[PDB]
Every structure is written in structure tokens, then in C-alpha cells.
Amino acid sequence: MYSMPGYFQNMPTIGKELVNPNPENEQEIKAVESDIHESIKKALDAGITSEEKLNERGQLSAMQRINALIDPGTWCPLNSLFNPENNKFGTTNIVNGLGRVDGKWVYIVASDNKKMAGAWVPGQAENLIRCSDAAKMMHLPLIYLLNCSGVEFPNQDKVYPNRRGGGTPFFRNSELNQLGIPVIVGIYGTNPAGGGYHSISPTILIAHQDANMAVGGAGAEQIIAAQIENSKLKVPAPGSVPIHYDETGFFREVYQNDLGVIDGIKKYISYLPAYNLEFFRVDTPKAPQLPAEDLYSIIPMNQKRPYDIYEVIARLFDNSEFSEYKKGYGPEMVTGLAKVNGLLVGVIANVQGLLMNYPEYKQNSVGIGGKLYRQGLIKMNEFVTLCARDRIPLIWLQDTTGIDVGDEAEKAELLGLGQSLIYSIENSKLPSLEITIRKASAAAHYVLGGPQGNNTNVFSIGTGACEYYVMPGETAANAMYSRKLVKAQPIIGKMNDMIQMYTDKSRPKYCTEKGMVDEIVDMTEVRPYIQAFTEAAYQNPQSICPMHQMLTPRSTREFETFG
Amino acid sequence: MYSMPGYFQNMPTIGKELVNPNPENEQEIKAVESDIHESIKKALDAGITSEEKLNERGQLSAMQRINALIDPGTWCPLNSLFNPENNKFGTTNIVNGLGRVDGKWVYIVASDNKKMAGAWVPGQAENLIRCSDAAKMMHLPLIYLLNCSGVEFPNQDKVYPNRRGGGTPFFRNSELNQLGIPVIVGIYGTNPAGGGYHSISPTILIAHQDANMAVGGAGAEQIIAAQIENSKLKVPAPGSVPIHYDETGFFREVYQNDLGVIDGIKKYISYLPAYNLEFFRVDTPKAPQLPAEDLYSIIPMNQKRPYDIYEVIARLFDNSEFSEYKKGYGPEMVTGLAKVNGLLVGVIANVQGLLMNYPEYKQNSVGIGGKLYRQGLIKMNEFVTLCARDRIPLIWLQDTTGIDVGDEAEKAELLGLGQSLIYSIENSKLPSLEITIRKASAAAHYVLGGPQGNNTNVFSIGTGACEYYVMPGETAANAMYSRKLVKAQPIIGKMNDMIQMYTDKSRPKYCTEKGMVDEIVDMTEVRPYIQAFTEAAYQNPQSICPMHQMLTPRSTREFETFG
Amino acid sequence: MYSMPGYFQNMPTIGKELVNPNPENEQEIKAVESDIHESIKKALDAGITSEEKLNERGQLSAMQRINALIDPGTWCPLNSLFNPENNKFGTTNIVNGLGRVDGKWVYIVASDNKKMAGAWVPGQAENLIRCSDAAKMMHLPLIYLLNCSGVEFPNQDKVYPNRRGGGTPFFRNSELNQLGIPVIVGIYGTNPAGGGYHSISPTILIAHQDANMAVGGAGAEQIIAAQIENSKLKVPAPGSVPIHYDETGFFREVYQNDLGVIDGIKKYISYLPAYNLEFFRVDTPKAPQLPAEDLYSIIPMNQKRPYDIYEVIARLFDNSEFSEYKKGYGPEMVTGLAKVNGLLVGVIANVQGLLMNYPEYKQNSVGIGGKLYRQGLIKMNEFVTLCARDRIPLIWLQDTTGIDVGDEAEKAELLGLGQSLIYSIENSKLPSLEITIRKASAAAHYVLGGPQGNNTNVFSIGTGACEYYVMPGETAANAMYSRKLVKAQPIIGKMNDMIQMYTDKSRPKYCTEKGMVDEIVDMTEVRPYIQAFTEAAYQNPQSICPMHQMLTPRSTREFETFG
Ligand SMILES: C/C=C/C(=O)SCCNC(=O)CCNC(=O)[C@@H](O)C(C)(C)COP(=O)(O)OP(=O)(O)OC[C@H]1O[C@@H](n2cnc3c(N)ncnc32)[C@H](O)[C@@H]1OP(=O)(O)O
Ligand SMILES: C/C=C/C(=O)SCCNC(=O)CCNC(=O)[C@@H](O)C(C)(C)COP(=O)(O)OP(=O)(O)OC[C@H]1O[C@@H](n2cnc3c(N)ncnc32)[C@H](O)[C@@H]1OP(=O)(O)O
Ligand SMILES: C/C=C/C(=O)SCCNC(=O)CCNC(=O)[C@@H](O)C(C)(C)COP(=O)(O)OP(=O)(O)OC[C@H]1O[C@@H](n2cnc3c(N)ncnc32)[C@H](O)[C@@H]1OP(=O)(O)O
Ligand SMILES: [Cl-]
Ligand SMILES: [Cl-]
Ligand SMILES: [Cl-]
């Protein structure tokens, strides 16, 4: 019961059973993964008010609220370790990511009520804009589990003012609404000022019976004397339920407890528009034919070692099927259609290894996998443009060391072709996922559907084998200091300092702490994130191309048969 | 469980029990209504192939297919008697309108397979554009029940070429898709060329086992000899199921019979995005407190007699509740918020009767209800702009004889203010319904949310008391011939000819035959159409304003309390 | 001083000196052209008030006003003979088209004040929407030279009401404004009601000293007695200069005479935004290397005779240069880049003649030039998509007899591929010109950038060799009557009636009278119209692709070199 099985079913299959497992490689990858998990655990556990203390006082934690809301096994956290301003507990005081609620994907933001009653901390505003941006690009409902004491007083200069500070999400919430994207909030505890605006800016307000939202909240001997007197007067926190339910009616519903509020949220989520994904499927959902566990052997932690990208693709997409666009033209890249739970995606991935008699504009040359040349750049421009027309979302798998350099490359137009790809991406007007397999380096990181495409890249993830840097430390040390060495030990020291710094500041955990990559994910979580992304992208897309009117499959076929 | 009951619940109630029923008026209205129903019946019955003959040959009729698809009681036909080119059977060979399918509103178009196998006839293309336009403005799924033999050969010049001819709907179907609006088709019988493109242009193709779609179909003694020989060869009609299911896979699903195809359509409709309307409700749905049957007495067929518009509003909207914007300012109009099945709409309606000491720019004057003056025009500009910001759809109830005329009116800016209203409407970017209660005349018909607003007016309906004309025949006769009478019986004859022609060409049936109004509806069907429109408008709106962020209720309240 | 001369300069040159001139063919084409010119002359001359009479009374005619406004030689009329409702003088009472004003292209509409003081006549509203649509798609200023007495009283039912009646242009004027497209009006004579709204709806109002605009204007023995008395009272026509200049200030400027008003218009046109076209040029403007006069021999009036489309392209585009996309693939079409006054356009044109060993999905077959097959349809889809990305406007040259038919064609996906082209066009979001060289027939007329693409086709023109019909009369007669002949002289008569009717109703003049084609243009005017269109399209485009970021030239080059 699908369109065009001749094009979309029984696609060529790729990959091979793993014959040479690598236990040492697996151990190295898992060591990175374990460190990430341990760091996340510590971060979520930290704070003056423990989960136990919260629970005794009648509150659930961020994770308890999230777990209560979502379908088991569907949590896809983002920015777990994001902490660009080096806050002591390792977080931006929110928990965010994608979760599924009775089959419907939603974007979730939860205040961390363990830490300073969910205060705005340095870096939080940037984190919040990443959330609303993802919801904007995917046309996906945004859900707040809010428990927010507003500006952290000692850090007001970093969280209160500026273009991308604490006030920006309120405008972003109005933008979402005006684009037809609902925002639902569960309101817990005390939400004054900054917290008040987080409460009132959404579409739907569900409140806990003891919660409040307000323009301003209740917040040496005379100060002590004033505080004890007012506390005996029993004056209620401003904007409590008797006000915002009974008087203003801004609270639409009130529940007795945290789980009640969650159930109210679930009800409003049930009201939201969403396709049954069957509408957009071209096949029944099928698991890959090869296990993801193999990725622990396939993807080398030895950054000098190549691997077969087809083996990775085979383990991430439905039934290990892949319909390659222009195989043999621009051999440094793979571009083609694949399926994720029966839904079409365009996949663009670097090829590793050495490419004999390549590229075509050089004589007696060998091509370097991971690099971009003329044909690969033109092929990608074409493929992005075709998928854009067909409304097929793009998934980019990065492992790159840059576009080819030198005047032969310049004459082959590579600078113009890389920027043409940027133009093609900006033109696509569709949500896209970027997954860094190993290397994100050079301007190639930008052109390969990088996160610098703020209108198209929803967010980015990376494996434990990933690393980010402008270029290798040794190359940078040469570029920085080669002229200085000639003109002139102090320089030599600076070079070794640089080489070490490039290593330190390119490690996966560091990269995600700074937000270069939103999340480091386990090898066995890559497909789950692809699934969440793709299902979210097709849940309520704002444009359609009927299958029988798609160009990508037709052009792909013609290249196969005509030449 | 609704926002702001203080604003949206227990609104002022309007209208009064009917104390003086008018049997003669009721009889006159019902005579128009009966004529409409009888004309529709005859039109649907007409054709060389009867419903019985179709059924015996294994086909359902247009109405049988529509009735099988929709929820009982939800059929809201449009353009039933539309026939601008005076086709002999009184129709454009399609049946169209709004229907509900398991709670989801959809726009429906069905080929009339009784008449020339559903051929394209003069006027059909215009009718089809009205269908896709309505779907476009409401973001509503478009459903084709297709059985279309393409261009009617003898009338090819009127149905084949031109900007708004038979090819235009194919572009319109691609536009719908690109706007994220699905088009689903059930494909019945033979659909060649023009019918083929109607088959392939939608998003989802569901075919009858014996149906076909093709670029070109199978279509003196040598001609007879050729036809008998080819018929014995049993060559299948091009593009049958063995081709478009088995080979091209363009038919997504195939069913054994007409009801099967309908059930397949129902399944794909079940997949489509739609809010549970509860999301947008401000109250539980409530019937009006006064019966619609009273409208047969309230609205006078005597076009010289005034009536109380509040009595009409009271019978069309939930619980006879109405929250008037700027009551007492621009008394010639009523502007305010009301509810339709718990959903907010803005209502704009003419006031009839004589208005003492009005308008304000004239001395010792009386205002004429049905006319537009300075304050009414400014009030409407403001109200349209407020509703636009609040994403509240507008329902216009027309009964008008024009904007005030003369240099006093000119100095009061009326020409500029009427056009300002046009600008305000064009700016609103929301779907709107227009309902002609009695008079649609002068440029006032345009400015009062008229159907000339092709980006906002979804369609228009009128009661049996309606009439359309530039101005009264007598006034026109004077304007046309007064100078000629002075400069000079032949002129007198021309004047009486004109007066009679204006009467003839302004009757409800004539108006709808020409498409001046899309449908003449029974008094007891006005609320049903309002309900269909409003529920359709809120089913998948592309923009939201949270209730607590709405300006119209706040501005309304301030005018009441501040002055 | 241009980007990428390697791609855009010294393109391959095409065409050959004409060796066999055809005087009889030239005479036949010119006979059609002369008839068109004579019909236009008669139409413009007709009316109760002659140009001389107007001039004596202090008014210029439509053509005098247009000629005063525009740069000599730049008048490109459209809809000259448009008269779908068969008005007696052969027109819709407006003169419209493109003209240049001190180097800036504008769209012009002038009221014909010779005929019923510029009254709204049947067909005029449709004509006016074609004007504002063209301005909308090109983002081009719209200029009204207005002298409009409003609704023609005897024909009110055809000009006053309805979705696309006299009120629609007022909404269209507000739409233009809201899209950032200025509308400038010169207001002449008396403009009441309908004329009043045409006066007030534009952005800039320039009035003649004796002109007026109003909601309502001044318009048996008692009628005579009333008219003589009021005429002696000297009551001024409502909305004259003392009101709309001195009181309301709606008239921005007032001039003493018609040429003054024109000069005021010229001043406001000078204020409008427009690129110096040099910005978008890739070469200095160059005439074709071969004379357009040859087209009178090249394009056969014998509709059975083929010709070389390259010879036509060579005579229409700069320096007879053409950069063909995918030459040798889909040989039934030519797709490629060309230059018009140094500006890039994409050209798509049918190839005529017989194509050996074609198409590829049939065995031992010959392809028919003028028809569309698999590769041509795929090539066009790709080219349209590439030009769309590159922001390069498309010019379609039609001479077509339809997409290939039969189950071999169906299996090759032709129905799906034709609709894919429709989707690709709708997706392009750029203005496009369509030029019918000879045959506009079948659904191919729609898919080849036909005027049925209401968001992209600005207008369409045709040569004296053009003809429009669903299919040939003989084929239609067979399709209509072959089954009836078998089942059964009266039928034979019907067939001959049809054959003759198809001939009569497909002649160039008839086609343009009905608006199937907006203008029949002389062979030597085709390039002038292309020049006006292209310069208008690049005057204030709403999107840009830098030359060095264009994909079409790169993809074209790769196909040439890679295979
Ligand atoms: C434009 C935007 C402007 C603004 O946002 S201005 C900020 C407005 N916010 C306030 O006034 C909050 C005042 N707080 C209360 O009423 C808050 O106790 C509260 C009512 C929530 C929470 O009160 P609780 O009694 O429930 O306290 P908790 O155990 O949940 O919180 C403990 C902790 O959080 C700290 N806390 C709470 N809010 C903040 C903030 N904001 N900054 C730094 N630290 C904070 C508080 O000082 C406490 O510190 P320690 O005693 O040292 O453990
Ligand atoms: C760009 C677009 C181009 C075009 O659309 S070109 C038109 C292409 N269409 C065709 O070739 C259809 C040829 N018809 C069949 O094969 C058609 O019988 C058909 C196969 C459907 C239907 O065949 P049936 O045997 O089922 O015939 P019906 O009883 O359903 O139809 C009866 C009636 O419809 C008439 N009919 C069917 N189609 C048309 C049309 N189109 N115009 C006028 N009259 C039509 C047909 O002549 C018959 O006339 P009478 O014998 O006088 O009663
Ligand atoms: C929603 C929209 C509503 C409407 O538009 S309602 C129409 C409002 N228009 C009027 O009232 C115009 C009345 N006319 C004048 O004042 C008009 O003379 C006028 C003031 C212009 C022009 O007056 P002139 O003295 O300058 O007359 P002209 O020589 O320019 O025009 C001659 C001709 O046009 C005719 N004419 C002018 N306007 C119309 C119209 N509209 N319909 C049919 N025929 C018309 C007029 O009858 C005359 O007919 P003949 O005597 O038989 O030659
Ligand atoms: Cl690079
Ligand atoms: Cl009016
Ligand atoms: Cl065709």
C-alpha cells in the first residue's frame, strides 16, 4: 500500500557481516561514552536540593517530570553537558531534548528545580534559543515543565540583558505561536518576573495548585524584622491560583500535584495536529540488516585509519537499503536516498580512503577520502537541490578534513562550489540533521550541512570518535609560527603549547560542553536519534511533494541507465 | 477548563422571544427556498445515464459517493446551481462543498458521471478554482471523487485553453501541496487526458479496480471498420490497474468497488493533521437560546421594511451571547465577538432602521440603516485589524445600500475610509465567511468582507431574502437616462426595460446561477454553514494567538469602562 | 567587467544565414499580422466621442496619454483585442501593456474615454486582473491613467458583482501595496463609485484640475424638471479638487492639464526603486547575429511542415549565443541558457522534425518533434529546478502536439512526469514568459510553462502562425463520434461541423479575442517583448543568486565533460 515500489522498495542493499571485530577500539569508544554518561549523571544529581528532598516537599525533579510525560525509551536529550560559561554544577539549569508522547514527538524543556529553584544561569538563554529554534524548524510543539525563580541575582549581567539573553525566549514563544506552532507549559512552584514571563508566553497554561506566576514575587536588623513580620501575615505569593485561575483565568487548568499537571499536558498534546506517519511512508518500517554494535569496531578511534562509510550507512537506515545518486561521480562523497521507519531521507556522507587517479583536474593524482573536490561539491549541490524540491529532509554524516587546496583546486572553482553548496542549503527550506562521525574540521564542516546553517540545521550530534578543530594542531602551529621561526625556543614552546591545546579543546566532551556539537551519543543511539528527527520532521511538515511527482528518484534512475 | 471566563463566558445575551410571527413572510421565503431545492434536485437528476443505470453498471453517482464518504447531516453544498455559461442541465458537471469525515472537515469535489461521463463543461474550471481556493484559504484537505472524461469536444474552446481553463486546477493542486495541504483522489471509471491530470495531480491516489488514468485514452465506413476491429482485439483502456498499480505504482491502493475506494479515502483522511477543536474553545458548545425558525418572520421579504439585526445574531451564535466592540460608536454597524461551537469569531453586521441625530458630520440629520458612515467605517477598520492580530476569523452579515454620498460625506473621508477597510481586510490574512442577509449593493458589498477579497473570502452564501445589484433599477434608470431626457418615449421605454431587468437579474436563484453568491441556503441552514466554516477554519490554522495575549477583548473592555 | 566570462561569454553560436527565402510564407504571416493591426486600429478608433472631440474638450485619449508617458518605441500592448464577452467595439474599454519611462519598465492601464466615458464593460474586470497579476509577479509598478465612469448600467450584472468582478481590482491594489509594489494613478474627468475606488485604491494620486473622485457622483417630466434646475444651481460634481485637494488632501498633486498629470506621474516613477540592469548583466547587450525578418520564411504557416527551432532561438537572443543544457538527452526539447540585453534567461523550446531510433522505451521507433517523451520531460524538470535555484527567469517557446500516448508511454511514467513538470514550475517562484510559435495543443500546452500557471506565467504571446486547440478537429471528431457511428449521415454532419468549428475557433485573432493568448505579435516584435519582459523581471527582483554561486552553468558544463 505504498507509491512506486519499483523506486522505493527493494533498493540496493549495502554493508557486510562484521568479520574482524576490534575489542580495543570498542573499549576506547565506550570509555568516551561512559565518561559522558557519568558526567551527565553527576550534573543531574548536583544541587543543594536533592530529588529526595524535592519529593518530600511535594515536587518532582526535572527528570521525574520528563519520564512521567514521555513514552518509555523515547528520550533523546540534547545539550546535556552544555555549559559554555563554566557553571559549577556543569549545566545551564534546564534539561532539554526530544521525547514522544502517545506517539507524538514534542520538544521538551524542563527547569532544574534542584539548583537555585530553577534560576536563570549563564548559558541558559543560548540553550533555550536552541530549543525554540529546533521546534521552529520542525514545526514541532514545544513543551515547558517550568519551575523557574528567574534571574540568578549574582550573575544578572550575564542572564538578564542583551539580544540573546533571558528575554529573548518570550519573543521566540510569540514567533512560534505566530507560525502556528503551539507551546504548552506546566507551571510548578514559584515563577516570578523572568519565570512569570516563561509562564505567560506559551499558548496553554496548566498550573499546579500551589504554583504561581507574577510580574514580581515576594522577593540588616530592619531587614530581618521586616521578613519575620510579613511571614506571620501569611500574605500569599503573588499570582497564585486564587488570582490566575479564579480572577484572570490565565491558568486554563489547575491540578493537585505534579503528575496531574503532566496528565493535563498529555491531554493538550493529544489535541495537537499530527499526521499518522503512514501517510508519508514508502515502505513498512524495517530494522537494518546489520547490528549497530558493529559500529564499535567499524569506526576507528585511530584517526589515521580509514573505514568503509557504506558499513555505517548500512547499520543506520531501514533494511540496509540505499539508493545512491550519481555513484562514480564525485567518489569522495556518498549522496543518496534511504529510509528511516519507512520515511524517505537524503543521506550525504564522506568517503574515507585513497582514491586512485583523482581528482580529474590534476595529473597523476590520488584523491584523499575526507576531502572535497569538484565533482563531490557539484554532486552535493545537485542532490540538496533535488531533495529540497522533493521535500525530502537531509541527514549529513560528517568526517572531513576540508576542501582541496592550491591553485589547481582554485581553478576547478572549489571556493565558489563550496559557497554554492551553502547557498543550496539555505535555499532548501527544510529541517536537517548533522551527525559528526569523526572529524569536523575546516570550512568543510560548514558546507556539509553544518550547524552554522541556522535556518536548516535543527541540532547536531556526534559519536565518541568525534573531534572538532579548525585544522590539526601541528598544521596550525606551522601556519602560525613558520614565518616567525625564519625571521628569528620561545617560538618552539608556543608551537608545542598549541599542539597540546588543539588536542585538549577538541575532545568530544569539551566540544559538547561548549556546544560545538549538541550531544555526544552512543553508537547504538545514532539510529534512535535519526528516528526521532525523521519522525518529528514528517509529523507536521509545512510542504508536500507527492511521491509520483518527485524528481530525485527519476534523476537517479536516468543517471544509472543513460550513463 | 477554558481561558479567561471573565471575558469569554457569560457574555451579554441578545434577542427576544418572537411575539409577532409573520406567516405570509415565512411563506414567501420558503417559496424561494423550495424553488432552489427543486432546481437542485432536477439538476442532479438530469443526464443521459441515470443513477439506476450507473448502479447496474457497477458505479455510484456523485451524491451516492459523497453520502457514503461523509458524516450524516454534515453536507454543505456550494455552487449547486452555478452555471454561468447556461449549460442545458443547469450545472458545471461537478458537485462541490464542505463535508465532515469522522469529525474532520474536508472540501469535496465529485465528478457528475451521469452527464457525458463527467466531461469538462463550460464554467467548470471557474467552479474548480473556487474549490481549491477555499481549501487554500482554510488550509483544508481537498478530496476528489473523480470520474472525468476530460474536454467536452464540441465546447473545447471554452474548457481547454486560457489562464483559468481546464489546466489551471493542476497548478492549483501543486500549489496546495507546496503549501502543505493534502489532496486525495478516488479514481473511478475512465480518466484520459484532462481526467488523467486530475488523477495524477493529487497527493494520494486510490483507484477502483476497473478504473484508469492516462495521457491519452482509447478515444466514415473505415472509421466504423477500425472501431469494430480494435474492440474485438480487447486492447485495454490505457493506464488501467495492471499499468498504474503493477508497473508505475502511481495508484497507491486499489479497491474492488466504489465503497471500497471511499473507505480507502476515509483511511487517508484519518491520517491527516487536525486539532481537536477543544484546543481553541473558550466555552463548551451551546445552541442559541432562540430558534432559527423565527428568522422566517424576522427577516422581511418586503425590502422596504427594517428589522433588528440583533435578533438574527441571537439566533446564529452560541447561547445568544455577543460581546460588542464599541457599542454606540458607528451605530450603523454591529461589530463584536461571538461563539460558534465554543470557538471565537468576529461578527460584523449592518444595522437597519433610522438613526436619529446622525451622522456626526451633518447638521440635523437622520442616519439610514444599511448605509455606511464615518464612525462605522473606522470601527470596522479597527475591529478587522484587532481580530487579524488575535487570529480570530471574521463573519460578515451583509444587508447594505452603500456608503453615504455627497460632499459632506467626501469631506468626512468616506471614500478613503472604505478603501482603508479593503486594505485592512487584505492585511488580515485569515479566512472569512460572507453571508448576504438581504441586500448586496453598491461598493459597500465589496468593503463589507465581500467575495472580491480573493485572499480572504472563502466563499459566500445568501438567504432566500437576498438580492444583488449595483443600485436599485429606478436609481440606475435615472442615472443612465436623466441627461438624455433633457437633451431630447424611446428613452422612457429604455428606463422601464432597465427597471425590469434589474429586478429579473437580482433574484436569488439568478444570483447563484451566475456565482454572485455561491449558495442560497435555508434560514435553518445559516448556522450549520457558520459551524462548518468556523470548525474548518480552526481545524488546522497556520497561526495562533494565545487567549491571554488577545487584544480585541481588552480593547472592548476598556472602551466600556473608560468611556 | 562581468563575472565568469568562461561560462557566460563566447557561448556557442547557433543559426545560419537564410539561403532559401519563402515569399509566399512571408505574405501569409503578414496577412495575419495586418489583420491584427487593422482590428486594433478600428477598436481604438471606435466610440461616440472621437479623439478630436476629446481634445477640443480638453482631454487626451488613452493612446495619447500612453504615448506622452512612455519612452518612444517601448510600447508593448497586451490584450489589445481581448473581448471575451463580444462588446460591440471589440474591446474591454481599457488599453494595457508594458511601457518604459525614463528607462524604468512599468505596467500601464489606461481608461478608454472615447467609449461611454471609460465605463466598466463586460470582460474588463478579467482584463484588469491580468494587469495587476503581471505587476505582482514581476514586482513591477502599476500605473493607471484613469478616466472611469464606473458600472455600465445596462450590463451591471456582468461588471458589478462576483469574485472576479469590478470590485476585485481594489483588493488587488491593496495586495500590490502590501507586497511593496507601488500603484500610481493619474485621475482625469469624472470618477464616481467604481471609478472613485479606482482613484483611491492606488498609492499615489495625481489629479487633473477639473477631475473628481467620489463614493457617488451627480448621477419623466419631473425628471427633466429636476435635471434642469440642479444644472442651473451649478452644484459641483462631488469629490472635485476643492474637496480632495483642499479638504481631504487625498489628491497629492494637482495639474492644469493632461500632460501636466503625466509629468507628475513621471516624477513619482522617477522616485521608484530599480536596479541599473548592469548589476545583473553577464555581458554587454548585443543584437542577434541574424535578422528577425528571416522568421517570416523560417516559421511555416503550413502546419505540417517542420523547421529548425535553433534558427528561431538564434534570431531572438543576444549575439545568437546559446548554452544548451543536456544536448542529446531528450532530443525532442531544447533547454538552455541565453542572453537578453546581457541578462541571463533559461529557454525551453520544442524541436520539430522526426527523431530516428527514439524514444528509448520503444523498439524500432521514430520520435515526433513537437511531442514530449520521457527524457525531455525529465530534462525540463531538472532545468526548471536549476534555473529556479539560480533565480534565472524562464522563457518557453511552444510548438507542441502533446505528450506521447499509449501504455508504453504510460509505463515510461509520462503522466507522472508531465505533472512533475507542473510541480517544478509551481515550485520555481519566478516570473516566466510563454511564447506560442505555432501549436498550443493538448495538456502539453499546460506543462510547457503555460498560462495556467497563475503564479509564474506573467502573460503569453503568440506569432501569426499560432493556433490553439485541444487536439486537431479530425482527431476530435473521431474521438467524439467513432463509437456512435458503430452503434448506429446526421453523425457525419456533426463530424464535419466539428472539424470546421475547430479551424474557426483556433485562428490567432479568435484566440486572442478570447484571451487564450494575450497578444498576437509581429515576428519582428518577438524579441522586443522578450526584452521588455526580461528587463522588467530583473528591474526589482525579490531574490538573488550571485553568478559565482549558480548551479545551472556548472551542471551544464559537467554533462558536457563527464558524458
Ligand atoms: C526580567 C527578569 C527579572 C528576574 O527574573 S528577577 C529575579 C526574580 N526572582 C526572585 O525574586 C526569586 C527570589 N526567590 C525566591 O522567592 C525563592 O527562594 C523561591 C520562592 C523561588 C524558592 O523558595 P524555596 O523556599 O522553595 O527555596 P528552595 O529550597 O527551592 O531554593 C533554595 C535556594 O535557591 C536560591 N534561589 C532561589 N531563587 C534564586 C535566584 N533567583 N537567584 C539566586 N538564587 C536563588 C535561594 O537563595 C536558596 O539558596 P540557599 O538558601 O543558599 O540554598
Ligand atoms: C488537455 C485535455 C484534453 C482532453 O481532455 S481531451 C478529451 C479526452 N477524452 C476522451 O477522449 C473521451 C472519449 N470518451 C470515452 O472514451 C468515453 O465514452 C468513456 C470511456 C469515458 C465513457 O464510456 P461509456 O461507454 O462508459 O459511456 P457513458 O455511458 O459513461 O457516456 C455516455 C455519453 O458520454 C459521452 N462522452 C464521453 N466523454 C465525452 C467527452 N469528453 N465529450 C463529450 N461527450 C463525451 C459519450 O459520447 C456518450 O454520448 P451518447 O452516446 O450520445 O450518450
Ligand atoms: C460599485 C460601483 C458602482 C458604480 O460604478 S455605479 C456607476 C456610477 N456612474 C455614474 O453614475 C456615471 C453617470 N455618468 C456621468 O455622470 C457621465 O455622463 C460623466 C460625467 C462621467 C461623463 O459626462 P460627459 O458629459 O463628459 O459625457 P461623455 O461625452 O464623456 O460620455 C458620453 C456617453 O457616455 C455615457 N455614459 C457615461 N457613463 C456611463 C455609464 N456608467 N454607463 C453607461 N453609459 C455611460 C453617457 O450616457 C453618454 O451617452 P450618449 O449620450 O448616449 O452618448
Ligand atoms: Cl575547507
Ligand atoms: Cl458604496
Ligand atoms: Cl499531453
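Note that these values count all heavy atoms, side chains included, but never hydrogens, waters or copies made by symmetry. Note that ligands are numbered from 1 as they come in the structure, with each ligand's atoms numbered from 1 the same way. We name chains A, B, ... by the order of the sequence lines, and we start the count at 1 in each one.
- Contacts between C:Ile48 and ligand 3 below 4.0 angstrom, taking non-hydrogen atoms only, involve the side chain exclusively.
- Residue B:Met480 has no N or O atom closer than 3.5 Å to an N or O atom of ligand 3.
- For the pair C:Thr400 (side chain) and C:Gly370 (backbone), a donor-acceptor distance under 3.5 Å is present.
- When the heavy-atom distances from atom 47 (O) of ligand 3 to B:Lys484, C:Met116, B:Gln452 are ranked, the shortest goes to B:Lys484.
- In summary, A:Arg374 and A:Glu413 engage in a salt bridge, as defined by a charged side-chain N under 4.0 Å from a carboxylate O.
- In terms of polar-atom proximity, defined here as any N/O pair under 3.5 Å, C:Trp120 makes no such contact with ligand 3.
- When C:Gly219, C:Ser149, C:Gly150 are ranked by how near their heavy atoms come to atom 9 (N) of ligand 3, first place goes to C:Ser149.
- Checking only distances, C:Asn113 never comes within under 3.5 Å of ligand 3, N or O to N or O.
- When the side chain to side chain donor-acceptor pair (under 3.5 Å) test is applied to C:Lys158, no partner is found at least two apart in sequence or on another chain.
- By the criterion of a heavy-atom distance under 4.0 Å, neither the backbone nor the side chain of B:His445 is placed next to ligand 3.
- Within the 4.0 Å heavy-atom shell around ligand 3 one finds B:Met471.
- Any N or O atom pair closer than 3.5 Å counts here, and B:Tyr446 shares no such pair with ligand 3.
- Partners of B:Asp497 according to the side chain to side chain contact (heavy atoms under 4.5 Å, CB included) rule, which considers only residues two or more places apart in sequence or in another chain, do not exist here.
- Inclusion of C:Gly194 in the set of residues having an N or O under 3.5 Å from an N or O of ligand 3 is warranted.
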